[PDB]
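As structure tokens, the structure follows; a few thoughts come after it.
FYI, it's all coordinate maths here, none of it is from the lab. Note that each Cβ is placed from the backbone with ideal geometry, even for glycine, and that neighbours are counted across all protein chains shown.
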Amino acid sequence: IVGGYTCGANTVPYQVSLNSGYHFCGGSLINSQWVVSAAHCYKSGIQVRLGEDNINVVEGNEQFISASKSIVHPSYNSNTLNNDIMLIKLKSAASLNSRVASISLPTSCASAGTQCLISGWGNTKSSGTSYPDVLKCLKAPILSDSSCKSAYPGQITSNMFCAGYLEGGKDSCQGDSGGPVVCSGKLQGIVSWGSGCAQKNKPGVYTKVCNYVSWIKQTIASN
Ligand SMILES: [Ca+2]
């Protein structure tokens, strides 16, 4: 997160860190046994880390649970990042408490101009490089589809939306991939892609979760 703020320990209780010997992507806890992330975050050998603030210190509220299965969306296209969404099933259920909690799936899609909360342990500069140890947060608005399409012509599908600031300075970044965009108490986006981070006229591009609720519910009901 570029241009954000320190969240506060366990104030984003649905945020997870995906670890494959090191933190590599975020995700969101949607019930006691399932996490949503980005398909471009796929790796073998994922451990899900819940209740994290400082990812480099064991502070006492963490739960570390290995993934039993990963399921990339059937229509994921790694070239275009269309359908950039993946489910991860935990080997054992998480214990839900004030520090570890699930986030609701949306019933309706979110509105342009809604201010959302984006969070992660990704890079905090442009191509300066500096990765934080504690969780960072950013408030950012949903941009109109026409502004999104103008910023990335020929690249935006109906399964993507843009959020952030056209002036630049505030954005998600590498390492925040797979993490949440929460608007009005619902998971509306997944950190997906962008040209650089926090560059002028290059806002963040997010997977549109409300287009995937049927797939998520059917997959959880069968696995
Ligand atoms: Ca920790």
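Bridging of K139 to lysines at a Cα separation below 23 Å is possible for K125, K149, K170, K186, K200, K202, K208, once same-chain residues fewer than 8 apart are set aside. For the pair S66 and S184, label points projected 7 Å from Cα toward Cβ lie 4.2 nm apart. Using a simple spin-label model with pseudo-atoms 7 Å out from Cα toward Cβ, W215 and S75 lie 0.7 nm apart. Cβ-to-Cβ counts within 10 Å put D53, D145 in ascending order as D145, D53, the fewest first. Considering only Cα atoms, the convex hull volume of region 75-114 works out to 166 Å³ per residue.
Taking the mean number of other Cβ atoms within 10 Å as a proxy for protection, how do you rank 108-120, 11-23, 62-74 from highest to lowest?
Working: 108-120: 17.7, 11-23: 19.5, 62-74: 15.9.
Answer by packing, highest mean first, reads 11-23, 108-120, 62-74.
Starting from the exponent 0.38 and prefactor 2.2 Å, build the expected Rg for region 142-223 from its residue count and divide its actual Cα Rg by it.
On the way: Rg = 13.5 Å, N = 82, 2.2 N^0.38 = 11.7 Å.
The value comes to 1.15.
3J(HN,Hα) along region 69-78, derived from phi through the Karplus expression 6.51 cos²θ - 1.76 cosθ + 1.60 where θ = phi - 60°, amounts to 8, 10, 9, 7, 3, x, 9, 4, 10, 5 Hz, with x in place of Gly and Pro.
Legend: ranking of residues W215, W34, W121 from fewest to most surrounding C-beta atoms inside 10 Å; resulting order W215, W34, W121. Rg of the Cα atoms in region 15-65, relative to 2.2 N^0.38 Å, amounts to 1.07.
Both the radius of gyration and Dmax for the chain are 15.9, 47 Å, in that order, over alpha-carbon atoms.
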